[PDB]
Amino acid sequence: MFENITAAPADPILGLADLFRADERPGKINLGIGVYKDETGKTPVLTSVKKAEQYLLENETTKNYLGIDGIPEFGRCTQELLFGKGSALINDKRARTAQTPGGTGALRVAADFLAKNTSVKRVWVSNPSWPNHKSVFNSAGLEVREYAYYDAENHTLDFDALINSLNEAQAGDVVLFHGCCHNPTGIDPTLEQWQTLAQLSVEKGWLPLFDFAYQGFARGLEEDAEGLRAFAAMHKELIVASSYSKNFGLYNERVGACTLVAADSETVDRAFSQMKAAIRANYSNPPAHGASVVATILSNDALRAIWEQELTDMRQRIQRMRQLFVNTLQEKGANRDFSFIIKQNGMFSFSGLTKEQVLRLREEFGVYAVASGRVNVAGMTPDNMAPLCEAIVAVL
């Protein structure tokens, strides 16, 4: 029976939406969206995907099931996006990709895989991190440990505290990294911190699980992977859960992948079969649509050229909204160096506002931010940058 089931709490994101889409003051602003918005304040569908969809609409002849791993062309592409082209990983066939229902689905299946085929009991998530991480892992039955990361004072990657907390991890634990655009700090390890953090990762014997979901939002497709790639040079085994929900604007089509790298072809094919069984038990096979779109775009030199350009457009909008934000504040009369904002990558960053400040900002000005003072830079337009920075200063 259900009558005594105790109602769940409000999600650390979703709640805002509602008080937002209710806030009688239309002059409002929402910065706790996590989704991208253009200069208009709309989340359009990429032209490349539109072209991609009409193509499929014209070409699909059946909607018969996909393999448990989804569409091959999609798999090989993500592989090349992650590890590059001449990646031995690929050439030796010690990587197997499965199309999953989004980055989350990739995480949960890597979870159910690990949690039911290996002795991995704990997964080291950083402090802070995307909130759903824990829920995902915990639902697999695994425990979520936390390694330090953010430096509240200096607004940076406290590498010391980082390696420090990690040592408390036993050889055998899965340590969860963010390929680029660390949600929610927006602070990322330099190619040098990664390399050391990778070598120190083989020595202690960590099982790396890369959450790669904002590839292309920091520096570009290639650059944004140099980290994962660094770990993938030293490690013989690893798991990477990629999400095409942001960079291809395919949010709701649930497009992502769970790549598995093992020492060699035989071991990866052996383990992957078990990864497949984890999927058949979850949702059987993946939703073709979003992936068909992503496969054709990436395999079409013309359509890919457009996509790449569209992505760089998004990257640059955000990459400039940070400056507008920072210097507009300096004009509005702020007494606080917000420069650290410019240094950060991706859609997110921590404004440095107190849970109290973020509350009066909403309550007295209609500006919505995550309780964590996390602010979505992509929800800022030149049009609202002025009143935004205004409200913020009034509450500093």
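For clarity, a rigid core is taken as the largest C-alpha set superposing within 1.5 Å between two forms. From 1 onward, residues are counted along the sequence shown.
**Q** May I ask which stretch, 45-53 or 363-371, sits farther from the shown form in 4 other deposited structures of this protein once every structure is superposed on the core, judging by RMS CA distance?
**A** The stretch that sits farther from the shown form in 4 other deposited structures of this protein is 363-371.
**Q** Do you reckon 252-260 or 153-161 strays further from the shown form in 4 other deposited structures of this protein, measuring C-alpha RMS after a core fit?
**A** When 252-260 and 153-161 are compared in 4 other deposited structures of this protein, 153-161 lies farther out.
**Q** Once you work out the mean C-alpha B-factor for both 162-170 and 243-251 from the entry, which is higher?
**A** Between 162-170 and 243-251, it is 162-170 that shows the higher mean C-alpha B-factor.
**Q** Tell me which stretch has the larger mean Cα B-factor in this entry, 191-199 or 268-276.
**A** The recorded data point to 191-199.
**Q** Reading the B-factor column of the entry, which of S339, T40, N30, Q344 has the highest value at its C-alpha atom?
**A** Comparing C-alpha B-factors across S339, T40, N30, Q344, the maximum falls on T40.
**Q** Return the residue from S292, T156, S129, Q323 that has the highest Cα B-factor in the entry.
**A** Answer, based on the entry's C-alpha B-factors: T156.
**Q** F365's Cα B-factor: lowest, middle or highest third of the chain?
**A** Within its chain, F365 is a highest-third residue by C-alpha B-factor, going by the deposited values.
**Q** Based on the deposited C-alpha B factors for this chain, I'd like to know if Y147 is in the lowest, middle or highest third.
**A** CA B-factor rank for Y147: middle third.
**Q** Comparing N335 with the other modelled residues of its chain, is its CA B-factor in the lowest, middle or highest third?
**A** Ranked within chain, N335 CA B lands in the highest tercile.
**Q** Looking at the entry's B-factor column for C-alpha atoms only, identify whether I5 ranks in the lowest, middle or highest third of its chain.
**A** As the PDB entry reports it, the C-alpha B-factor of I5 lands in the middle third of its chain.
**Q** C-alpha B factor of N327, ranked within the chain: lowest, middle or highest third?
**A** Ranked within chain, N327 CA B lands in the highest tercile.
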